[PDB]
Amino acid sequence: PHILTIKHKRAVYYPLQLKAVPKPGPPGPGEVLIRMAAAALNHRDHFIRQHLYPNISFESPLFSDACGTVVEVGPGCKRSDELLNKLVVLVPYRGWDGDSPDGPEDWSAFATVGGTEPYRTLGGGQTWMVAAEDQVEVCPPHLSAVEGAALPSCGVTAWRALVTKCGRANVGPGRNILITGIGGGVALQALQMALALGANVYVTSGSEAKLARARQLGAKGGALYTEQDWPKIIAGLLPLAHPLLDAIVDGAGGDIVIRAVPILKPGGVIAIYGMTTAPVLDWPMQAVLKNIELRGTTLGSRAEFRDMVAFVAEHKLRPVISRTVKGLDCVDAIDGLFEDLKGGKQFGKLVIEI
């Protein structure tokens, strides 16, 4: 019965602390007890380690991705027979319900769990977890604990960025979707989802090895953003019957807007979920004239999460996994997965078997 948190140090990097804590008690009313099986590391957790993320905590278990087996259900559980002795996935947030799709109703109530305040009971870096029967969803029956762990926070982000940010009309048969920086956690998730939705999915990478792996997964074409004319290369791959891109799922920022306007249809959506390059963009006047909308997105509503797992459970989508450390005890191995995150040279998710 352990828990994995960061500890104080003094441009910083907090070391990992393995604390032995008592086993959680019986589940309260409407709560379920979860035997943790696997926790996936996410890109957000790297900024927590350098304090570049708001509301970090030296007491909350880390990782926003948790997958475990519900062992005990509490009194008054309406999803009891649905969750008992089954693998479930935690929603990686609270304070965002399905009745407000545009965003959380109260920004002061919304918080991202995992290594942050105030929800110190929710997190993947722990052997046990007690949580509400509404905060978990039934893990797709075809995924292992490692695969289920790699889904929640990067799946609902990609799911929302397609069906709501881009628009279901833009992720269908005959539509052209560019997904920049294939190999990242979020870009891979949408690569599968946009293909299963029926789009003509094209990708962008920095290495020729990552490009080929993307074509192995179903990418109808790709380019290299290291090439000074990558919009024109992607432009050439588009069919004659529809020579333009419908929407873009970018998570790098940079010059994406000024590069993509000439190859994007009027009314094209640039659904941005991250800005790794620079914390600012470049909005040209040609994006205004083309009625182009840069739609920022992050995670998703509670209904969009439930919608997400059901879509993955139906078409049997599986996430690519890069590495996997067998043991929350091995803190040096878990630390190794952090250096591999910073390097940005990866393809798939980095998970930890609990």
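All residue numbers refer to positions in the sequence shown, first residue = 1.
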item	value
Unmodelled stretch of the deposited sequence separating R10 from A11, binned as none, 1 to 3, 4 to 9 or 10 or more	4 to 9
Mean temperature factor over C-alpha atoms, higher-scoring stretch between 79 to 87 and 161 to 169	79 to 87
Entry-level comparison of average CA B-factors, 283 to 291 and 47 to 55, reporting the higher stretch	47 to 55
Maximum C-alpha temperature factor, selected from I179, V73, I272, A194	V73
Ranked against its chain, the third holding the CA B-factor of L299	lowest
Chain-relative CA temperature factor third for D246	lowest
Cα B factor band for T204 (lowest, middle or highest third within the chain)	middle
Position of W128 among the chain's modelled residues by C-alpha B-factor, lowest, middle or highest third	highest
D102 by Cα B-factor - lowest, middle or highest third of the modelled chain	lowest
